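To begin, one chain is listed below as structure tokens, in the form deposited in one PDB entry.
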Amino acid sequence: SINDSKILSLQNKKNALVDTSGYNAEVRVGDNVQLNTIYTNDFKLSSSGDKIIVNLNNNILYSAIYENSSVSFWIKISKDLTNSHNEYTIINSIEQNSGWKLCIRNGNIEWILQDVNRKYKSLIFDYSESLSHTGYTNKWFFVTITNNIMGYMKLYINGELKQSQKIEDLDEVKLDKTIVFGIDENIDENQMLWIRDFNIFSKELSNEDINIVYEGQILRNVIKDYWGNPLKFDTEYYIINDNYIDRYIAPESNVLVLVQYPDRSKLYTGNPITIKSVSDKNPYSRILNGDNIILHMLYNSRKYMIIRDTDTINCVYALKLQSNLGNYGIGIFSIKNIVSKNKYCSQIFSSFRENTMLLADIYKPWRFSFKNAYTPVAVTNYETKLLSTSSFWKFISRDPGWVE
């Protein structure tokens, strides 16, 4: 019933982006704008002059805003766009003086509401955090703006209130007629962003309702890559542990260990792992909670299957490589999303012989050496470790919004 207040909803139907709210907005998508590349209702703004123009079919009696409203969408902003010190306008309903716009500047997003006299209020969120791993550069995040025209305008990120500004003190704000998505500033190659699930609601959404929209649109049962894209079979990933973000998985004497990145700033470091569907789901299909999966590592140009050791190092098993590919239980795993607003990560489990969960910590995993290593291991009796970040894994794909 939250959805009952939708008065614009941009969704992909029969390979076109249209308004499915019922209100019949005209949606004019630029010829070069790529739709539905990651998520069904997404669009990518990446080439010079990429635009989507939405012409509303709305109230003609009221010249000025007469009701509360909310705007929601997810956004993903490339590294190269984020690294710019320049300001870019991304969405804009201002034709003359009044209206709203979304801007990006130096790793911040800014929402502005402006009245007929160009008096404005601003809400800002630092999504980049100076390109920190903990930030959101090139990661999907959920934005929601709510407007109480006799009160406050609020900015939420992933359902969490970030900023609030009074707007009751503004003068006249005209009803929107046209909304333009697209950057007019000159852009370089690789400066791109994606938006998905753009909606406008005819009410001020409560925090509770915003969390409902968020939870619904995140797709709880679809495993996510590091950027928040759906995880896919048959796709290369650099798999990292949340406790050791600058270490890569590698075989040493056929025991997998975590090796420190020679350069922390180069994400694509290590031995790419491809995930295979045990049940023969279609090539490149999405990986879901409850899927049986197999992991293949590319090591010095050769493919191996990752398996659990048969023998222990409260059992603890190291992981190893096997050149013989096939469906062996000792190499079958399953992946489950962790519910988290600030991390796209999952746990990995094995039910071969005993129930185990993969985590990373310091062990002595070799049979003929007492040397320590940061070691991914499969551990039994893991109930007390279910909230441990040592059990959280992230999957870094080579993504067009992060170029090295």
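The term rigid core refers to the maximal set of C-alpha atoms that superpose within 1.5 Å between the two forms. Residue numbers run from 1 along the displayed sequence.
Form deposited in another entry: not shown, discussed below.
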property: Residue showing a 2 Å-or-more C-alpha displacement between this form and the one not shown once the rigid core is overlaid, selected from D280, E87, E129, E168; result: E168
property: Large Cα shift (2 Å or above) at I245 between this form and the one not shown, core-fitted; result: no
property: Exceeds or equals 2 Å, Cα of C103 between this form and the one not shown, core fit; result: no
property: Exceeds or equals 2 Å, Cα of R118 between this form and the one not shown, core fit; result: yes
